[PDB]
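J.: Handing over run.pdb, PDB, C-alpha atoms and all ligand atoms.
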ATOM      1  CA  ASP P   1      89.443  98.638 101.895
ATOM      2  CA  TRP P   2      91.375 101.578 103.362
ATOM      3  CA  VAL P   3      92.523 102.886  99.969
ATOM      4  CA  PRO P   4      90.429 105.872  98.770
ATOM      5  CA  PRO P   5      89.291 105.971  95.136
ATOM      6  CA  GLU P   6      90.707 109.459  94.596
ATOM      7  CA  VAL P   7      94.307 108.198  94.681
ATOM      8  CA  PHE P   8      94.127 106.357  91.402
ATOM      9  CA  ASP P   9      93.715 109.343  89.063
ATOM     10  CA  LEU P  10      96.046 111.442  91.188
ATOM     11  CA  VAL P  11      98.980 109.061  90.600
ATOM     12  CA  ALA P  12      98.177 108.210  86.991
ATOM     13  CA  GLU P  13     100.543 110.611  85.261
ATOM     14  CA  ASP P  14     103.504 109.801  87.520
ATOM     15  CA  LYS P  15     102.701 106.094  87.319
ATOM     16  CA  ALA P  16     102.934 106.168  83.504
ATOM     17  CA  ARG P  17     106.157 108.147  83.614
ATOM     18  CA  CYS P  18     107.755 105.923  86.253
ATOM     19  CA  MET P  19     106.870 102.720  84.346
ATOM     20  CA  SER P  20     108.272 104.116  81.122
ATOM     21  CA  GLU P  21     111.506 105.325  82.759
ATOM     22  CA  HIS P  22     112.242 102.015  84.465
ATOM     23  CA  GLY P  23     110.868  99.379  82.109
ATOM     24  CA  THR P  24     108.198  98.355  84.581
ATOM     25  CA  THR P  25     105.319  96.098  83.543
ATOM     26  CA  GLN P  26     101.840  96.098  85.016
ATOM     27  CA  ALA P  27     102.378  92.391  85.743
ATOM     28  CA  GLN P  28     105.312  93.264  87.999
ATOM     29  CA  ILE P  29     103.155  95.765  89.881
ATOM     30  CA  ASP P  30     100.359  93.187  90.258
ATOM     31  CA  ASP P  31     102.962  90.762  91.643
ATOM     32  CA  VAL P  32     104.324  93.142  94.270
ATOM     33  CA  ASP P  33     100.764  94.218  95.102
ATOM     34  CA  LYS P  34      99.989  90.583  95.967
ATOM     35  CA  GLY P  35     103.046  90.561  98.182
ATOM     36  CA  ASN P  36     105.678  88.965  95.967
ATOM     37  CA  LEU P  37     108.820  91.053  95.942
ATOM     38  CA  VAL P  38     112.091  90.490  94.056
ATOM     39  CA  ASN P  39     115.144  92.771  93.825
ATOM     40  CA  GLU P  40     114.644  93.702  90.152
ATOM     41  CA  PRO P  41     115.389  97.368  89.370
ATOM     42  CA  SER P  42     112.502  97.622  86.920
ATOM     43  CA  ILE P  43     110.055  97.194  89.875
ATOM     44  CA  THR P  44     112.167  98.541  92.772
ATOM     45  CA  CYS P  45     113.048 101.754  90.865
ATOM     46  CA  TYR P  46     109.359 102.095  89.988
ATOM     47  CA  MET P  47     108.535 102.050  93.691
ATOM     48  CA  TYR P  48     111.244 104.628  94.486
ATOM     49  CA  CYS P  49     110.065 106.739  91.557
ATOM     50  CA  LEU P  50     106.442 106.876  92.713
ATOM     51  CA  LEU P  51     107.352 107.597  96.344
ATOM     52  CA  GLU P  52     109.706 110.371  95.211
ATOM     53  CA  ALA P  53     106.972 111.888  93.041
ATOM     54  CA  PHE P  54     104.826 112.375  96.131
ATOM     55  CA  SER P  55     107.603 113.638  98.384
ATOM     56  CA  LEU P  56     107.603 110.502 100.504
ATOM     57  CA  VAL P  57     111.336 109.948 100.031
ATOM     58  CA  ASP P  58     114.344 112.189  99.351
ATOM     59  CA  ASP P  59     117.362 111.882  97.055
ATOM     60  CA  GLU P  60     118.775 109.044  99.175
ATOM     61  CA  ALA P  61     115.538 107.205  99.881
ATOM     62  CA  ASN P  62     115.097 108.526 103.358
ATOM     63  CA  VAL P  63     111.420 108.372 104.199
ATOM     64  CA  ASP P  64     109.547 111.502 105.236
ATOM     65  CA  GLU P  65     107.581 109.996 108.099
ATOM     66  CA  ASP P  66     105.427 113.085 108.679
ATOM     67  CA  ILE P  67     104.324 113.185 105.022
ATOM     68  CA  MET P  68     103.666 109.438 105.070
ATOM     69  CA  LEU P  69     101.547 109.646 108.206
ATOM     70  CA  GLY P  70      99.704 112.613 106.730
ATOM     71  CA  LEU P  71      98.620 110.492 103.770
ATOM     72  CA  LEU P  72      97.288 107.614 105.862
ATOM     73  CA  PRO P  73      93.888 107.418 107.584
ATOM     74  CA  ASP P  74      93.434 107.687 111.315
ATOM     75  CA  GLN P  75      92.944 103.974 111.993
ATOM     76  CA  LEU P  76      96.391 103.313 110.470
ATOM     77  CA  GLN P  77      98.424 105.978 112.295
ATOM     78  CA  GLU P  78      99.680 103.966 115.266
ATOM     79  CA  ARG P  79     100.268 100.895 113.127
ATOM     80  CA  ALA P  80     102.322 102.942 110.666
ATOM     81  CA  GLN P  81     104.369 104.513 113.438
ATOM     82  CA  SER P  82     105.010 100.984 114.679
ATOM     83  CA  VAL P  83     105.943  99.653 111.246
ATOM     84  CA  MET P  84     108.180 102.672 110.603
ATOM     85  CA  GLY P  85     109.785 102.089 113.983
ATOM     86  CA  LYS P  86     110.808  98.685 112.738
ATOM     87  CA  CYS P  87     111.518  99.388 109.082
ATOM     88  CA  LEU P  88     113.312 102.755 109.181
ATOM     89  CA  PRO P  89     115.970 103.900 108.567
ATOM     90  CA  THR P  90     116.205 102.566 105.051
ATOM     91  CA  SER P  91     119.347 100.730 103.938
ATOM     92  CA  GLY P  92     120.590  99.161 100.742
ATOM     93  CA  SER P  93     123.094  99.500  97.916
ATOM     94  CA  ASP P  94     121.262 102.343  96.162
ATOM     95  CA  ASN P  95     117.900 104.102  96.124
ATOM     96  CA  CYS P  96     116.022 101.270  94.406
ATOM     97  CA  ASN P  97     117.528  98.618  96.686
ATOM     98  CA  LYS P  98     116.716 100.707  99.755
ATOM     99  CA  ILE P  99     113.110 100.685  98.623
ATOM    100  CA  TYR P 100     113.210  96.924  97.949
ATOM    101  CA  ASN P 101     114.376  96.319 101.557
ATOM    102  CA  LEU P 102     111.748  98.728 102.876
ATOM    103  CA  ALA P 103     108.954  97.118 100.840
ATOM    104  CA  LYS P 104     110.008  93.646 102.098
ATOM    105  CA  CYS P 105     109.969  94.864 105.697
ATOM    106  CA  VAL P 106     106.661  96.701 105.444
ATOM    107  CA  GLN P 107     104.892  93.918 103.544
ATOM    108  CA  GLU P 108     106.030  91.326 106.094
ATOM    109  CA  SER P 109     104.991  93.516 109.000
ATOM    110  CA  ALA P 110     101.609  94.479 107.674
ATOM    111  CA  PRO P 111     100.516  92.113 104.909
ATOM    112  CA  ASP P 112      96.784  92.775 105.289
ATOM    113  CA  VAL P 113      97.085  96.491 104.434
ATOM    114  CA  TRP P 114      99.928  96.278 101.911
ATOM    115  CA  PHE P 115      99.390  97.717  98.472
ATOM    116  CA  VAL P 116     101.228  99.058  95.472
ATOM    117  CA  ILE P 117      99.685 101.005  92.664
TER     118      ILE P 117
HETATM  119  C1  LIG K   1     100.930 100.100 108.242
HETATM  120  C2  LIG K   1     100.647 100.979 107.049
HETATM  121  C3  LIG K   1     101.315 100.394 105.818
HETATM  122  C4  LIG K   1     101.065 101.261 104.598
HETATM  123  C5  LIG K   1     100.596 100.362 103.472
HETATM  124  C6  LIG K   1     101.807  99.829 102.744
HETATM  125  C7  LIG K   1     101.931 100.438 101.360
HETATM  126  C8  LIG K   1     101.504 101.893 101.376
HETATM  127  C9  LIG K   1     102.145 102.608 100.206
HETATM  128  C10 LIG K   1     102.454 104.041 100.582
HETATM  129  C11 LIG K   1     101.346 104.922 100.028
HETATM  130  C12 LIG K   1     100.842 105.853 101.115
HETATM  131  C13 LIG K   1      99.569 106.560 100.693
HETATM  132  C14 LIG K   1      98.798 105.726  99.683
HETATM  133  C15 LIG K   1      97.364 106.218  99.623
HETATM  134  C16 LIG K   1      97.291 107.690 100.005
HETATM  135  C17 LIG K   1      95.985 108.319  99.538
HETATM  136  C18 LIG K   1      96.021 109.832  99.704
HETATM  137  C19 LIG K   1      95.799 110.542  98.375
HETATM  138  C20 LIG K   1      96.421 111.932  98.415
HETATM  139  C21 LIG K   1      97.854 111.953  97.896
HETATM  140  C22 LIG K   1      98.094 110.831  96.897
HETATM  141  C23 LIG K   1      99.560 110.500  96.742
HETATM  142  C24 LIG K   1     100.397 111.160  97.840
HETATM  143  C25 LIG K   1      99.693 108.987  96.729
HETATM  144  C26 LIG K   1     101.122 108.504  96.886
HETATM  145  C27 LIG K   1     101.282 107.130  96.248
HETATM  146  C28 LIG K   1     102.646 106.521  96.542
HETATM  147  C29 LIG K   1     102.634 105.010  96.301
HETATM  148  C30 LIG K   1     104.017 104.354  96.379
HETATM  149  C31 LIG K   1     104.004 102.886  95.924
HETATM  150  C32 LIG K   1     105.219 102.120  96.438
HETATM  151  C33 LIG K   1     104.916 101.591  97.822
HETATM  152  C34 LIG K   1     105.875 100.504  98.217
HETATM  153  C35 LIG K   1     106.945 101.044  99.141
HETATM  154  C36 LIG K   1     106.594 100.784 100.593
HETATM  155  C37 LIG K   1     106.679 102.102 101.330
HETATM  156  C38 LIG K   1     105.878 102.058 102.602
HETATM  157  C39 LIG K   1     106.261 103.271 103.429
HETATM  158  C40 LIG K   1     105.440 103.319 104.702
HETATM  159  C41 LIG K   1     106.207 102.733 105.872
HETATM  160  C42 LIG K   1     105.249 101.937 106.751
HETATM  161  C43 LIG K   1     103.842 102.496 106.665
HETATM  162 CL    CL K   2     114.391 106.490 106.266
END
The structure given in the file should be rewritten as structure tokens.
T.:
Amino acid sequence: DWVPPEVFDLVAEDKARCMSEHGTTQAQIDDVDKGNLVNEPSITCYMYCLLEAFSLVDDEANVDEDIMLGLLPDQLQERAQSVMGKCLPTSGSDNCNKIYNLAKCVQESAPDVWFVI
């Protein structure tokens, strides 16, 4: 498991805020974590919200590739560059939908390392 244990407490406050803002349930997060994605704002806006909180996306859901790469371990760098080559730029009807399309692309491209917290 590539995910380090330190991340969980780091994101806790923002996670709670994002869920509350968007009406997100833990069940929805569990679902997307297992790779099942639907275009429901309560989960897609949650994903945008959490990325935004950690400066991974801007005000139009453009991904900051440098920041993203900086967060990922060494063994995932080339794979991420490859996945980002495929999945960026983001597109969609709004910020949450951009993130839905991105999540679908990333999950399909790298299912074995996919996760959502
Ligand atoms: C091939 C690699 C795929 C990457 C796995 C797919 C999901 C990864 C989610 C992105 C999180 C990146 C870092 C997560 C662990 C970092 C640990 C470092 C701790 C120090 C800082 C902690 C915070 C910066 C954590 C930030 C948490 C943000 C989670 C966002 C959840 C929504 C993800 C779904 C959207 C897919 C975007 C995906 C955008 C990336 C493009 C392709 C690699
Ligand atoms: Cl982008």
J.: Which residues come within 12 Å of residue 107 (chain P), counting all atoms listed in the file, excluding same-chain residues fewer than 6 positions away, as a list in words?
T.: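 Non-adjacent residues within range: residues 32, 33, 34, 35, 36, 37, 80, 83, 84, 86, 87, 99, 100, 101, 113, 114, 115 and 116 of chain P.
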J.: Residue 82 (chain P): which residues within 12 Å, counting all atoms listed in the file, same-chain residues fewer than 2 positions away excluded, as number ranges by chain?
T.: P: 65, 69, 76-80, 84-88, 105-106, 109-110
J.: Leaving out residue 48 (chain P) and any residue of its chain fewer than 4 positions from it, which residues lie within 9 Å of it when counting only C-alpha atoms, given as a PyMOL selection string?
T.: chain P and resi 43-44+52-53+57+61+95-100
J.: Do you know which residues are at most 8 Å from residue 63 (chain P) counting all atoms listed in the file, after dropping those on the same chain fewer than 3 positions away, and could you put them as a CSV table (one decimal) with C-alpha atoms, in the coordinates of the input?
T.:
chain,number,residue,atom,x,y,z
P,56,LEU,CA,107.6,110.5,100.5
P,57,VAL,CA,111.3,109.9,100.0
P,58,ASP,CA,114.3,112.2,99.4
P,68,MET,CA,103.7,109.4,105.1
P,88,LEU,CA,113.3,102.8,109.2
P,89,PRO,CA,116.0,103.9,108.6
P,90,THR,CA,116.2,102.6,105.1
J.: Given only C-alpha atoms and all ligand atoms as the basis, pick out the residue of P:7, P:117, P:64, P:27 nearest to ligand CL 2 (chain K).
T.: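 Using only C-alpha atoms and all ligand atoms, ligand CL 2 (chain K) sits closest to P:64.
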J.: Take CA of residue 47 (chain P) and atom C6 of ligand LIG 1 (chain K) and report the distance between them in Å, one decimal.
T.: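 A separation of 11.5 Å between them.
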J.: Find, counting only C-alpha atoms, the residue in P:40, P:30, P:1, P:9 that gets nearest to residue 112 (chain P).
T.: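 Closest to residue 112 (chain P), using only C-alpha atoms: P:1.
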J.: If I take CA of residue 93 (chain P) and atom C24 of ligand LIG 1 (chain K), how far is one from the other in Å, to one decimal?
T.: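 Between CA of residue 93 (chain P) and atom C24 of ligand LIG 1 (chain K) the gap works out to 25.5 Å.
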J.: Taking 2 positions as the minimum chain separation for residues in the same chain, which residues sit within 10 Å of residue 18 (chain P) when counting all atoms listed in the file? Answer as a list in words.
T.: residues 12, 13, 14, 15, 16, 20, 21, 22, 23, 24, 42, 43, 45, 46, 47, 48, 49, 50 and 53 of chain P
J.: Output C-alpha atoms for every residue in the selection just made, as a CSV table (one decimal), in the frame of the given file.
T.:
chain,number,residue,atom,x,y,z
P,12,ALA,CA,98.2,108.2,87.0
P,13,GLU,CA,100.5,110.6,85.3
P,14,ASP,CA,103.5,109.8,87.5
P,15,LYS,CA,102.7,106.1,87.3
P,16,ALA,CA,102.9,106.2,83.5
P,20,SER,CA,108.3,104.1,81.1
P,21,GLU,CA,111.5,105.3,82.8
P,22,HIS,CA,112.2,102.0,84.5
P,23,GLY,CA,110.9,99.4,82.1
P,24,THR,CA,108.2,98.4,84.6
P,42,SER,CA,112.5,97.6,86.9
P,43,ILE,CA,110.1,97.2,89.9
P,45,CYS,CA,113.0,101.8,90.9
P,46,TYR,CA,109.4,102.1,90.0
P,47,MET,CA,108.5,102.0,93.7
P,48,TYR,CA,111.2,104.6,94.5
P,49,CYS,CA,110.1,106.7,91.6
P,50,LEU,CA,106.4,106.9,92.7
P,53,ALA,CA,107.0,111.9,93.0
J.: Could you rebuild region 35-56 of chain P with N, CA and C atoms and give it back as a JSON list (two decimals), keeping the file's coordinate frame?
T.:
[["chain", "number", "residue", "atom", "x", "y", "z"],
["P", 35, "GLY", "N", 102.08, 90.80, 97.12],
["P", 35, "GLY", "CA", 103.05, 90.56, 98.18],
["P", 35, "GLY", "C", 104.30, 89.81, 97.78],
["P", 36, "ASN", "N", 104.53, 89.70, 96.49],
["P", 36, "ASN", "CA", 105.68, 88.96, 95.97],
["P", 36, "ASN", "C", 106.70, 89.96, 95.46],
["P", 37, "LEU", "N", 107.83, 90.00, 96.16],
["P", 37, "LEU", "CA", 108.82, 91.05, 95.94],
["P", 37, "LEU", "C", 110.14, 90.43, 95.56],
["P", 38, "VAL", "N", 110.72, 90.89, 94.46],
["P", 38, "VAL", "CA", 112.09, 90.49, 94.06],
["P", 38, "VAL", "C", 112.92, 91.74, 93.77],
["P", 39, "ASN", "N", 114.23, 91.62, 93.91],
["P", 39, "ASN", "CA", 115.14, 92.77, 93.82],
["P", 39, "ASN", "C", 115.51, 93.07, 92.37],
["P", 40, "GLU", "N", 114.48, 93.34, 91.58],
["P", 40, "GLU", "CA", 114.64, 93.70, 90.15],
["P", 40, "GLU", "C", 114.47, 95.21, 89.99],
["P", 41, "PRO", "N", 115.49, 95.91, 89.47],
["P", 41, "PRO", "CA", 115.39, 97.37, 89.37],
["P", 41, "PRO", "C", 114.15, 97.90, 88.66],
["P", 42, "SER", "N", 113.68, 97.17, 87.66],
["P", 42, "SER", "CA", 112.50, 97.62, 86.92],
["P", 42, "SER", "C", 111.25, 97.80, 87.81],
["P", 43, "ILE", "N", 111.14, 97.01, 88.88],
["P", 43, "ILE", "CA", 110.06, 97.19, 89.88],
["P", 43, "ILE", "C", 110.49, 98.00, 91.10],
["P", 44, "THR", "N", 111.71, 97.81, 91.57],
["P", 44, "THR", "CA", 112.17, 98.54, 92.77],
["P", 44, "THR", "C", 112.38, 100.02, 92.46],
["P", 45, "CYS", "N", 112.91, 100.35, 91.27],
["P", 45, "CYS", "CA", 113.05, 101.75, 90.86],
["P", 45, "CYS", "C", 111.72, 102.40, 90.59],
["P", 46, "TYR", "N", 110.75, 101.61, 90.17],
["P", 46, "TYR", "CA", 109.36, 102.10, 89.99],
["P", 46, "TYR", "C", 108.79, 102.53, 91.34],
["P", 47, "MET", "N", 109.04, 101.72, 92.34],
["P", 47, "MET", "CA", 108.54, 102.05, 93.69],
["P", 47, "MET", "C", 109.19, 103.32, 94.24],
["P", 48, "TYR", "N", 110.50, 103.42, 94.06],
["P", 48, "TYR", "CA", 111.24, 104.63, 94.49],
["P", 48, "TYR", "C", 110.70, 105.85, 93.75],
["P", 49, "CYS", "N", 110.53, 105.67, 92.46],
["P", 49, "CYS", "CA", 110.06, 106.74, 91.56],
["P", 49, "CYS", "C", 108.73, 107.33, 91.99],
["P", 50, "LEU", "N", 107.78, 106.46, 92.33],
["P", 50, "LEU", "CA", 106.44, 106.88, 92.71],
["P", 50, "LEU", "C", 106.46, 107.53, 94.10],
["P", 51, "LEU", "N", 107.23, 106.98, 95.02],
["P", 51, "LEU", "CA", 107.35, 107.60, 96.34],
["P", 51, "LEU", "C", 107.96, 108.99, 96.21],
["P", 52, "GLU", "N", 108.98, 109.12, 95.36],
["P", 52, "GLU", "CA", 109.71, 110.37, 95.21],
["P", 52, "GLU", "C", 108.76, 111.44, 94.65],
["P", 53, "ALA", "N", 107.91, 111.01, 93.74],
["P", 53, "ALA", "CA", 106.97, 111.89, 93.04],
["P", 53, "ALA", "C", 106.00, 112.55, 94.01],
["P", 54, "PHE", "N", 105.75, 111.89, 95.12],
["P", 54, "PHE", "CA", 104.83, 112.38, 96.13],
["P", 54, "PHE", "C", 105.47, 112.81, 97.44],
["P", 55, "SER", "N", 106.77, 113.07, 97.32],
["P", 55, "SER", "CA", 107.60, 113.64, 98.38],
["P", 55, "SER", "C", 107.70, 112.76, 99.63],
["P", 56, "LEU", "N", 107.54, 111.46, 99.41],
["P", 56, "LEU", "CA", 107.60, 110.50, 100.50],
["P", 56, "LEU", "C", 109.02, 110.04, 100.82]]
